[PDB]
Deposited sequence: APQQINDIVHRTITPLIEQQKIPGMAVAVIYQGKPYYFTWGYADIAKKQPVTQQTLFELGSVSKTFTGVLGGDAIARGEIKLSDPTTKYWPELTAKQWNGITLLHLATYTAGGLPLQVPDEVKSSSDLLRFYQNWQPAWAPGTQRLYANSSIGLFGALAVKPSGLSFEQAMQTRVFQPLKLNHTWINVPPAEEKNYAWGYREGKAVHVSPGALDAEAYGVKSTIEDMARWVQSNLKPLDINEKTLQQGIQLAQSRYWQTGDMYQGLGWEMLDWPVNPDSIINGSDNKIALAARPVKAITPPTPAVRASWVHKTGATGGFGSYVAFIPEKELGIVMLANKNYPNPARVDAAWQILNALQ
C-alpha cells in the first residue's frame, strides 16, 4: 500500500488498540476506489487465532445499512412505498396509535418513540404483534427521532413481505450475492466458524445472543474484505449492474430528516462534507449528496464497528474490532485517517 496510507493508519490505530485494550482489529481504507487492508491482534485469544482478512466480526448496528439498502431495493422493485401505512403490510396492527405511522417513520426512527430494544420476552410472531399493539407513542409520528432497533427492525420485516422471501433469503439473494459479499452472513454457517472471531466483554469471550428482529437490526457478521466491498458499492452505486440495487443504494443515502448537523437516511446517517431529538422533515427528501460524510457506528456486547465514506472523494474506511469501545474514539481515528488522505 502507498506509504502515506500505511503510515497514517498504523500511527493512528496502534495507539488506539493500546489505549482501548482491543484484542483484535481489522481496518480497510478505500483510497481512490481501491481497498487496502490492515489487521492486528487476535480473533480468538485462548486459541491464539490471529485476525485476518477472512475473520468474521459482528457488525452490530452497522447491519442497519444493509436493511436500509434492502428496503430501498424493494422500493425500486415497486414492492413497497415509504409513504405506505404500516398496516398495509401488517393488517393485524389495528391499535389506533398506528394510524398515520408509515414505513418511512419506522425506517428513520421517527414513529413516535418506539423502544431501543425489543423486550427479551418477545419470541413468537404473536408475542411481537402484542408488543407493537400495546406500545404507546409519546409523540406524534414524524416529530422526534429516537434511535431504535424495534423501529428499523420492523421496517425490515415488513419491507420483505411482498417478496414472500424470509428476511435472510431476501438479503442473500438481493444484496449479498449481487455484490459478491460471499463472506457476509446473518447466520454464520458451520463452515465459517473457524473464522468467526470471539467478542470480548470484561475479558469474557462472547457472541451476540439471538433475539426478535435481530437479523434486521444488528445481526450481520462480515469480513473486512466484504465490508470494503460494501463501502465501494455505496461510494459508487452507478457501477452496480442490478438496476434496483443501484437505486436502493441511492435511496438509502437520501436525506429524509435533519437533526442539528446530521441527516437521517435509511440506515446510513450523513453530514455535509467537510437521546430524543426533534427533527425537521426534508420535503421532499434530498437525493444522495456526494459531498457528504456518510457513516454508521455499530456494536454488540463484544464488538465495535464503524464505517464512514465520502462519495465526492472516492474515500472510505471500515473499522472492525472484537471489543465494544467508545464511539468517539472510533470516529476520532476515522477522521484522522480520512482527513489525512482527504
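- The chain's deposited sequence has one unresolved stretch at 275-290, with no C-alpha coordinates there.
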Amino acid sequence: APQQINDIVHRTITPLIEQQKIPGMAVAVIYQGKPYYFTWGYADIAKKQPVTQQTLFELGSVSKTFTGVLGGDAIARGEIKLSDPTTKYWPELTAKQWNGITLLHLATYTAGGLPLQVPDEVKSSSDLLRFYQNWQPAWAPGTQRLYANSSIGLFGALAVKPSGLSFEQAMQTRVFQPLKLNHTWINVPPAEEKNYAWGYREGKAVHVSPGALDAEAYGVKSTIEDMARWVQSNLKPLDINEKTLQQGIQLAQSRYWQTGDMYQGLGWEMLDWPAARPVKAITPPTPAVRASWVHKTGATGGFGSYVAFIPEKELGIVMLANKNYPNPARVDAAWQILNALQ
From here on, numbers count along this sequence of modelled residues.
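- For the segment pair 210-218 and 103-111, the entry gives 210-218 the higher mean B-factor, averaged over Cα atoms.
- The mean C-alpha temperature factor is higher for 32-40 when 32-40 and 50-58 are set side by side.
- The PDB entry assigns the greatest CA B-factor among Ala197, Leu251, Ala148, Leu238 to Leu238.
- Going by the entry's values, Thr87 shows the largest Cα B-factor out of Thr87, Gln232, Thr223, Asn134.
- The PDB entry assigns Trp268 a C-alpha temperature factor belonging to the lowest third of its chain's modelled residues.
- Among the modelled residues of its chain, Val122 has a C-alpha B-factor that falls in the highest third, as given in the PDB entry.
- Among the modelled residues of its chain, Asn322 has a C-alpha B-factor that falls in the lowest third according to the deposited record.
- Annotation for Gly301: C-alpha temperature factor in the middle third relative to the rest of the modelled chain, per the entry.
- The PDB entry assigns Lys64 a C-alpha temperature factor belonging to the lowest third of its chain's modelled residues.
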